[PDB]
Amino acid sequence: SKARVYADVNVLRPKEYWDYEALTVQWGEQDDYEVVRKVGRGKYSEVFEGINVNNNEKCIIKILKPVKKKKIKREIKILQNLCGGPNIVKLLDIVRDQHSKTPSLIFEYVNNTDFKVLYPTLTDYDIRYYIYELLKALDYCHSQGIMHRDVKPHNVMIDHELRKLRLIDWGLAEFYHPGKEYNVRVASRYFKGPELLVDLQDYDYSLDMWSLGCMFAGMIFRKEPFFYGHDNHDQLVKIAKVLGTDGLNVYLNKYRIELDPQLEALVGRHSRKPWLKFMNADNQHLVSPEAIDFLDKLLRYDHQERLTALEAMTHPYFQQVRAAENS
């Protein structure tokens, strides 16, 4: 299986564009940036709001924990390749501690509102607007030969007042190479595409489209998250109970994949459930045939069947957002 779009980007570009292992970091000054308060974390970082001592402007300081240097260079190189793209978080500086050589990535500050509180407050149009902006970031990174691999609300910073969105967290992102087998241990469980759940390793940019679909379904159906599995097996089951086991079987046969016998047993058999059966009173002002048509074209087992980011931005669902932009 190969990507249907942007397959040759890294093929056509110089090795230095994608060979993140060769990257040579030019360190900035650790003193230029000081910590104000902790604002987030991951298994391999602590993230703080900070201030640029030189101009008193806010910034974000992502202090990285010990990991193979290759993992750090990858995040850095990807950020460097994408810096300036639409709605991509900007990496402003890279510094380290002189004694521990503890590295910190310095980013632009986004005055984010916790998604758990922000989303229930978004209007139908807000949803359309933010998904559109998020789509711009994804088409951009796909166009630059990169797969994000961790699309989820926690990695989408929104300054709601400034209607500004930034796709952050490029720490699991990879360069797309035709026919490469990737590690399937990426993305948050609730946002993992079928391909990851069934060991299809030759995946591509379309994985990010499943994740976006999951985010979108959560927003319009007001169900965070929408596919709530306890572990990877249970995640495939949660998907199968909505999408149906028919399409799954078609999918696995198309790609020659044997499901693990115990997994096959957990999944069982399920009818495809229509998207309106998730319709209720809290979400109603939010679903419409165009929302459903768009969602349906994202949440497909077959990654090759999913809309591309580009196609998605042209879907009728976003016509009002396009119109506003065009002025």
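Rigid core (definition): largest C-alpha set, two forms, superposition within 1.5 Å. Position 1 is the first residue in the sequence shown; the rest follow in order.
Which of 50-58 and 261-269 lies farther, on average, from the shown form in 9 other deposited structures of this protein once the rigid core is superposed (C-alpha RMS)?
-> Higher root mean square deviation of C-alphas in 9 other deposited structures of this protein is shown by 50-58.
Superpose by the rigid core: which stretch, 59-67 or 291-299, shows more Cα shift in 9 other deposited structures of this protein?
-> Most displaced of the pair in 9 other deposited structures of this protein: 59-67.
Report the stretch with the higher mean CA temperature factor, choosing between 98-106 and 181-189 on the basis of the entry.
-> That would be 98-106.
Stretch exceeding the other in mean C-alpha B-factor - 56-64, 270-278 | Looking at the recorded C-alpha B-factors, 270-278 comes out higher on average.
Please pick out which of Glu290, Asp302, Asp31, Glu46 has the largest Cα B-factor as recorded in the entry.
-> Among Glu290, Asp302, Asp31, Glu46, the highest C-alpha B-factor in the entry belongs to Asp31.
Assigned third (lowest, middle, highest) for the C-alpha B factor of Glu75 | Lowest third of the chain for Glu75's C-alpha B-factor.
Using the B-factors in the PDB entry, rank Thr245's C-alpha atom against the chain and give the third, lowest, middle or highest.
-> For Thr245, the deposited C-alpha B-factor lands in the highest third.
Rank-wise, by C-alpha B-factor, drop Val9 into the lowest, middle or highest third of its chain.
-> Within its chain, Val9 is a middle-third residue by C-alpha B-factor, going by the deposited values.
Comparing against every modelled residue in the chain, figure out the third that the C-alpha B-factor of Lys238 lands in (lowest, middle or highest).
-> Ranked within chain, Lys238 CA B lands in the middle tercile.
When the modelled residues of the chain are sorted by Cα temperature factor, does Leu298 land in the lowest, middle or highest third?
-> It falls in the bottom third of the chain.
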